[PDB]
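Undergrad: Protein chains in written order, with the authors' numbering: chain A, 197 to 293; chain B, 197 to 244; chain C, 50 to 147; chain D, 5 to 318; chain E, 110 to 161. Ideal Cβ placement from N, Cα and C applies to all residues, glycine included. Following this message is one structure expressed as structure tokens.
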Amino acid sequence: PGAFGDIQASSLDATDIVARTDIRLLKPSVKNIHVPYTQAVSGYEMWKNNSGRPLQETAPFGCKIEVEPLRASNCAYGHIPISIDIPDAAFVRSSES
Amino acid sequence: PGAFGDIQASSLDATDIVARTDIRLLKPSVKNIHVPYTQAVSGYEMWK
Amino acid sequence: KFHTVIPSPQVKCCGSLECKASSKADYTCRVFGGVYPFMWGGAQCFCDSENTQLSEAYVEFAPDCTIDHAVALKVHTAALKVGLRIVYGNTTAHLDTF
Amino acid sequence: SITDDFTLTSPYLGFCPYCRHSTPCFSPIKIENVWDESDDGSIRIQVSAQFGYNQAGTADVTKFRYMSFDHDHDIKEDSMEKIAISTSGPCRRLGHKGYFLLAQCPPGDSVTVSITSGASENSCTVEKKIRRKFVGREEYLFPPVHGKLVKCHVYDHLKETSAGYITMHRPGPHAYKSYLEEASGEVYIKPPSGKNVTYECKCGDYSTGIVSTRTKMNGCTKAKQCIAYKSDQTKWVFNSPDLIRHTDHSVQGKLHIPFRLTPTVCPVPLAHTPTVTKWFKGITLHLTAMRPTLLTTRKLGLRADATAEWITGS
Amino acid sequence: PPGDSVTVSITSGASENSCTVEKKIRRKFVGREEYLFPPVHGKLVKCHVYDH
Numbered sequence: 197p198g199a200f201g202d203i204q205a206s207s208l209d210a211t212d213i214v215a216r217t218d219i220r221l222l223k224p225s226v227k228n229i230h231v232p233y234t235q236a237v238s239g240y241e242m243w244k245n246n247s248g249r250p251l252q253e254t255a256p257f258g259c260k261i262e263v264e265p266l267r268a269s270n271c272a273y274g275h276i277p278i279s280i281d282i283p284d285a286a287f288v289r290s291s292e293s
Numbered sequence: 197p198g199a200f201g202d203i204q205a206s207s208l209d210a211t212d213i214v215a216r217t218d219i220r221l222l223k224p225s226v227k228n229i230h231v232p233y234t235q236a237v238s239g240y241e242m243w244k
Numbered sequence: 050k051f052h053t054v055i056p057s058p059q060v061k062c063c064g065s066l067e068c069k070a071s072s073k074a075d076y077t078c079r080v081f082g083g084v085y086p087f088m089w090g091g092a093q094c095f096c097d098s099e100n101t102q103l104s105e106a107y108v109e110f111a112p113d114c115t116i117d118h119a120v121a122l123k124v125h126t127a128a129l130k131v132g133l134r135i136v137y138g139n140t141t142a143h144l145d146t147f
Numbered sequence: 005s006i007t008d009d010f011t012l013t014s015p016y017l018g019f020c021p022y023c024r025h026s027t028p029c030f031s032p033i034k035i036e037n038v039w040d041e042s043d044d045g046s047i048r049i050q051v052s053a054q055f056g057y058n059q060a061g062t063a064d065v066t067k068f069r070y071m072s073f074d075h076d077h078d079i080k081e082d083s084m085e086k087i088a089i090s091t092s093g094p095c096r097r098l099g100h101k102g103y104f105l106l107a108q109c110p111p112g113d114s115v116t117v118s119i120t121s122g123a124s125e126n127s128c129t130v131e132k133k134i135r136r137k138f139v140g141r142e143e144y145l146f147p148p149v150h151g152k153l154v155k156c157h158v159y160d161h162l163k164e165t166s167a168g169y170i171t172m173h174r175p176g177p178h179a180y181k182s183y184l185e186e187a188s189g190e191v192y193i194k195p196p197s198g199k200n201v202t203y204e205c206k207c208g209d210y211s212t213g214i215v216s217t218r219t220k221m222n223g224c225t226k227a228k229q230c231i232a233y234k235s236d237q238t239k240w241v242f243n244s245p246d247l248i249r250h251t252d253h254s255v256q257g258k259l260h261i262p263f264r265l266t267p268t269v270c271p272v273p274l275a276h277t278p279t280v281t282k283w284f285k286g287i288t289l290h291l292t293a294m295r296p297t298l299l300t301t302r303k304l305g306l307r308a309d310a311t312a313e314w315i316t317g318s
Numbered sequence: 110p111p112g113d114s115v116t117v118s119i120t121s122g123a124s125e126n127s128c129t130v131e132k133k134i135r136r137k138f139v140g141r142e143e144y145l146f147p148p149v150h151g152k153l154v155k156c157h158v159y160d161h
């Protein structure tokens, strides 16, 4: 209760939802029909208040972060060994140069 | 720009005024006639 | 963000009720006896005592969660792909490699 | 299946925690839910009355239907001009359909729906934190003319769009004290004028039945031993925690939640471009900001050393 | 409502005028929990109000 992931489903239209939100049902103290209850805050709202800074502002090596799919683009890090096989029609003999 | 003395004249009715207020004129992004600009704050107000 | 749903309460006038089991998320249930509830029309039972009430509560997804929601993911080995431009002599070539 | 036939549904009577005399009361305009998930500041409100339909349940946009405060309780109709919404000052009405309203509201700490004129003049106030909203990394009071268009989500003003549904159920019994009578140590039942009522008594052994005229309950001496409510009512109400459910609280139908949250584009302000001074192995930025705007930095090596600060002033 | 002054006025007629005095009027609550409106469910504690 009160933290991120306090309600969980596979999908938004999923019929099986698991939750733990600390619901307490209290005895009614008035004469009109009433269901008194008390509960914990929404962990999703608490997280939205305490999310911090996103990964688009903290990723190293100047990565640009994009979704659908989750990826990092145009990062500058390390060295890439490349082996190229040049076609032989791209070479001219010294007798022509 | 943005400091005391950013607009200067000898007199209040003087016709020669010198100023430096960091005016930037931007390209209009809407279809109605518009002169978009951005500017620095008043140095006199900042000093006040 | 969840939506707490409080159903229409159940009232048994001169008898008892018992809590059941459900598959609903965070399903809570409680029985309260010695009840005498009122509405605008007046009293709703004919026994002044022994008039148990049943309270329920569970949670759903809010109407607007189809836009405001988070997805939790686990990530594994990340694989790099690059697009290269290679010009040898007079010909330029563009390609994607792993 | 979600139905749009409001002939099959009914408005009901809720229990508001704050009415026009600051006390809890039973209300025909009891507020059920309030949503403020829009980016332009509009809110959606659920109410116990039904807006945009006449008494019979056929749609006409100039009327609304509610519940009567009298014992021969039927559905009544009034005019939409009497419906007011407010938080701290008046709100502007963007749309109405069924139990739901769309409104553009000032910041405030509560939400109020009231009937401004007539014999039904009353209010209902619930506590609801409504604050200013903006999109992007610069704060604004009003959207600018010049700027850029970025992604946002707002509630559709059209009532034909759907954000979900609510479940509807057959109504439980509603016993009226006025249907009972005491006449020198004997208890009678007075049904309303030419209507069937169901009675339910414990005057010794349990008894129940349906009557349409004045009838004598045998063995009873006090009216508190009996109850009486109208028979033959099936028009669906909302799954409200202020009602007493029927013997079977099964779902009979569904009703759309209108004014769905739709992706669109909104104009956001562009700030004054700063002037950079360029010392050795460093820069300084000279920033101008009337309202808070966000400045973030990061390094392009192994360590980012990221920063973030909202800046007001120069 | 909460405010910094109190005004009494004659709204219509030939006598239409006001009088404003400075008076700090803030929100009040009873107990050890703050509220905007009194709740439906709770407990009843001791308080003192002006008789209507």
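Using the beta-carbon of each residue, which ones in chain D are nearer than 9 Å to residue 146 of chain E?
TA: Indexing the fifth sequence from 1 puts residue 146 of chain E at position 37. For residue 146 of chain E, the chain D residues whose C-beta falls within less than 9 Å of its own C-beta are 21, 22, 26, 114, 129, 130, 131, listed in chain order.
Undergrad: Report the residue from D:302, D:318, D:296 whose alpha carbon sits nearest the alpha carbon of residue 145 of chain D.
TA: Looking up residue 145 of chain D in the fourth sequence gives position 141. Cα-wise, what sits closest to residue 145 of chain D is D:296.
Undergrad: Any beta carbon from chain B within less than 8 Å of residue 77 of chain D's own beta carbon?
TA: Looking up residue 77 of chain D in the fourth sequence gives position 73. Not closer than 8 Å to any Cβ of chain B, the Cβ of residue 77 of chain D fails to qualify, so no.
Undergrad: Judging by CA-CA distance, which residue of D:239, D:71, D:54, D:22 is the nearest neighbour of residue 176 of chain D?
TA: Working through the fourth sequence from its first residue, we reach residue 176 of chain D at position 172. With respect to the C-alpha of residue 176 of chain D, the residue from D:239, D:71, D:54, D:22 having the closest C-alpha is D:239.
Undergrad: Does the beta-carbon distance from residue 198 of chain A to residue 121 of chain C come in below 8 Å?
TA: Sequence index remark: in the first sequence, residue 198 of chain A carries index 2 (1-based). Sequence index remark: in the third sequence, residue 121 of chain C carries index 72 (1-based). Not closer than 8 Å, so no.
Undergrad: Compare the beta carbon distance of residue 245 of chain D and residue 148 of chain E with 8 Å and say whether it is the shorter of the two.
TA: Start at 1 with the first residue of the fourth sequence, and residue 245 of chain D comes out as number 241. Start at 1 with the first residue of the fifth sequence, and residue 148 of chain E comes out as number 39. Not closer than 8 Å, so no.
Undergrad: Applying the criterion that 16 or more other CB atoms from any shown protein chain within 10 Å of the CB defines a buried residue, is residue 321 of chain D buried or exposed?
TA: In the structure as shown, chain D starts at 5 and stops at 318, and residue 321 of chain D therefore has no counterpart that could be examined.
Undergrad: Tell me, please, whether the CB atom of residue 229 of chain A is closer than 8 Å to any CB atom in chain D?
TA: To locate residue 229 of chain A, count along the first sequence from 1; it is residue 33. Chain D contact via Cβ: present.
Undergrad: Within 8 Å of any Cβ in chain A, is that where the Cβ of residue 304 of chain D sits?
TA: Counting from one through the fourth sequence, the residue named residue 304 of chain D turns up at place 300. So, interface residue.
Undergrad: Where does the unbroken beta strand (DSSP E) through residue 140 of chain E begin, and where does it stop?
TA: On the fifth sequence, position 31 is the one that residue 140 of chain E refers to. Where residue 140 of chain E is concerned, there is no enclosing beta strand (DSSP E), given that its DSSP letter is neither H nor E.
Undergrad: Report yes or no: is there a C-beta of chain A within less than 8 Å of the C-beta of residue 108 of chain C?
TA: Walking along the third sequence from the start, residue 108 of chain C turns up at place 59. True, the Cβ-Cβ gap to chain A drops below 8 Å.
Undergrad: I want to verify the contact list: residues of chain B whose CB lies under 7 Å from the CB of residue 65 of chain D, in sequence order.
TA: Along the fourth sequence, one-based indexing puts residue 65 of chain D at 61. Within chain B, no residue comes near residue 65 of chain D; the closest Cβ sits about 33 Å away, beyond 7 Å.
Undergrad: How would you write the range of the alpha helix (DSSP H) that residue 89 of chain C sits in, first residue to last?
TA: In the third sequence, the residue the question calls residue 89 of chain C occupies position 40. Looking at the DSSP string, residue 89 of chain C is not in any alpha helix (DSSP H), and its letter there is neither H nor E.
Undergrad: Comparing the C-beta of residue 149 of chain E with each C-beta of chain D, is any distance below 8 Å?
TA: Within the fifth sequence, residue 149 of chain E is the residue found at index 40, counting from 1. The beta carbon of residue 149 of chain E sits closer than 8 Å to some beta carbon of chain D.
Undergrad: Taking the CB atoms as reference points, tell me whether residue 180 of chain D and residue 232 of chain D lie closer together than 8 Å.
TA: Walking along the fourth sequence from the start, residue 180 of chain D turns up at place 176. Walking along the fourth sequence from the start, residue 232 of chain D turns up at place 228. Yes; because the gap between Cβ atoms is below 8 Å, this pair is in contact.
Undergrad: Rounding to the nearest angstrom, what Cα-Cα distance links residue 196 of chain D and residue 88 of chain C in this structure?
TA: Here residue 196 of chain D refers to the residue found at position 192 of the fourth sequence. Here residue 88 of chain C refers to the residue found at position 39 of the third sequence. For residue 196 of chain D and residue 88 of chain C, the distance between alpha carbons rounds to 18 Å.
Undergrad: Take residue 144 of chain C and list the residues in its own chain whose beta-carbon comes closer than 8 Å to its own, dropping the five residues that flank it on each side.
TA: On the third sequence, position 95 is the one that residue 144 of chain C refers to. Result list for residue 144 of chain C: 132, 133, 135, in chain order.
Undergrad: Taking 8 Å as the threshold (beta carbon to beta carbon), is residue 138 of chain C in contact with chain A?
TA: Numbered from its first residue, the third sequence carries residue 138 of chain C at position 89. Yes, contact with chain A.
Undergrad: Within the 8 Å Cβ cut-off, does residue 243 of chain D reach chain C?
TA: As a working note, residue 243 of chain D is residue 239 in the fourth sequence. So yes, residue 243 of chain D belongs to the interface.
Undergrad: Please classify residue 263 of chain A: is it buried, with 16 or more other beta-carbons within 10 angstroms of its beta-carbon, or exposed?
TA: Indexing the first sequence from 1 puts residue 263 of chain A at position 67. By the neighbour-count rule (16 or more Cβ atoms within 10 Å), residue 263 of chain A is not buried but exposed.
Undergrad: Would residue 229 of chain A be called buried (16 or more neighbouring beta carbons within 10 Å of its own) or exposed?
TA: Here the question's residue 229 of chain A lines up with position 33 in the first sequence. By the neighbour-count rule (16 or more Cβ atoms within 10 Å), residue 229 of chain A is buried.
Undergrad: Quick one: is residue 246 of chain A buried, meaning 16 or more other Cβ sit within 10 Å of its Cβ, or exposed?
TA: Counting from 1 along the first sequence, the entry for residue 246 of chain A is found at position 50. Classification of residue 246 of chain A: exposed, given that the 10 Å Cβ count is below 16.
Undergrad: Opposite residue 267 of chain D in the DSSP bridges: which residues?
TA: Looking up residue 267 of chain D in the fourth sequence gives position 263. Answer by DSSP bridge pairing, in chain order: D:157.
Undergrad: Given residue 218 of chain B, which residues of its chain have a CB within under 8 Å of its CB, disregarding the five upstream and five downstream residues?
TA: Taking the first residue of the second sequence as position 1, residue 218 of chain B is located at position 22. So the list reads 197, 198, 235, 236, once near-sequence residues are dropped.
Undergrad: Which class does residue 199 of chain B belong to by DSSP, given the choice of helix, strand or coil?
TA: By 1-based counting over the second sequence, the position of residue 199 of chain B is 3. DSSP places residue 199 of chain B in coil when its eight states are reduced to three.
Undergrad: How big is the Cα-Cα spacing for residue 67 of chain D and residue 67 of chain C?
TA: Against the fourth sequence, residue 67 of chain D aligns to sequence position 63. Against the third sequence, residue 67 of chain C aligns to sequence position 18. When rounded, the distance between both Cα atoms is 44 Å.
Undergrad: Taking Cβ to Cβ, would you say residue 325 of chain D is nearer than 8 Å to residue 64 of chain D?
TA: As shown, chain D starts at 5 and ends at 318. That puts residue 325 of chain D outside it, with no answer to give.
Undergrad: Is the CB-CB distance between residue 219 of chain D and residue 183 of chain D below 8 Å?
TA: Stepping through the fourth sequence from its first residue, residue 219 of chain D is reached at position 215. Stepping through the fourth sequence from its first residue, residue 183 of chain D is reached at position 179. Contact flag unset, no.
Undergrad: From residue 255 of chain D to residue 132 of chain D, what distance separates their C-alpha atoms?
TA: Position 251 of the fourth sequence, counting from 1, holds the residue named residue 255 of chain D. Position 128 of the fourth sequence, counting from 1, holds the residue named residue 132 of chain D. Approximately 29 Å between the Cα atoms of the pair.
Undergrad: Given this structure, state the Cα-to-Cα distance separating residue 210 of chain A from residue 222 of chain A, to the nearest angstrom.
TA: Position 14 of the first sequence, counted from the first residue, corresponds to residue 210 of chain A. Position 26 of the first sequence, counted from the first residue, corresponds to residue 222 of chain A. In a straight line, the C-alpha of residue 210 of chain A is about 30 Å away from that of residue 222 of chain A.
Undergrad: For residue 39 of chain D, does the count of other Cβ atoms within 10 angstroms reach 16, so buried, or fall short, so exposed?
TA: Locating residue 39 of chain D in the fourth sequence gives position 35, counting from the first residue. When all chains shown are included, residue 39 of chain D counts as buried.
Undergrad: Pick from D:225, D:111, D:143, D:199: whose alpha carbon is nearest that of residue 216 of chain D?
TA: Position 212 of the fourth sequence, counting from 1, holds the residue named residue 216 of chain D. When only C-alpha atoms are compared, the closest one is D:199.
Undergrad: Run down chain C in chain order and give the residues with a C-beta less than 9 Å from the C-beta of residue 230 of chain D.
TA: Taking the first residue of the fourth sequence as 1, we reach residue 230 of chain D at position 226. In chain order: 95.
Undergrad: Please state if the CB of residue 139 of chain D and the CB of residue 43 of chain D are separated by a distance shorter than 8 Å.
TA: Indexing the fourth sequence from 1 puts residue 43 of chain D at position 39. Indexing the fourth sequence from 1 puts residue 139 of chain D at position 135. Yes, the Cβ-Cβ distance between residue 43 of chain D and residue 139 of chain D is below 8 Å.
Undergrad: Less than 6 Å between C-beta atoms, sequence neighbours within five positions excluded: which residues of the same chain meet that for residue 262 of chain D?
TA: Along the fourth sequence, read from residue 1 onward, the residue named residue 262 of chain D stands at position 258. Excluding sequence neighbours, residue 262 of chain D sits near 101, 104, 163.
Undergrad: Quick one: Cα of residue 258 of chain A to Cα of residue 302 of chain D, how far?
TA: Here residue 258 of chain A refers to the residue found at position 62 of the first sequence. Here residue 302 of chain D refers to the residue found at position 298 of the fourth sequence. Their backbone Cα atoms lie some 8 Å apart in a straight line.
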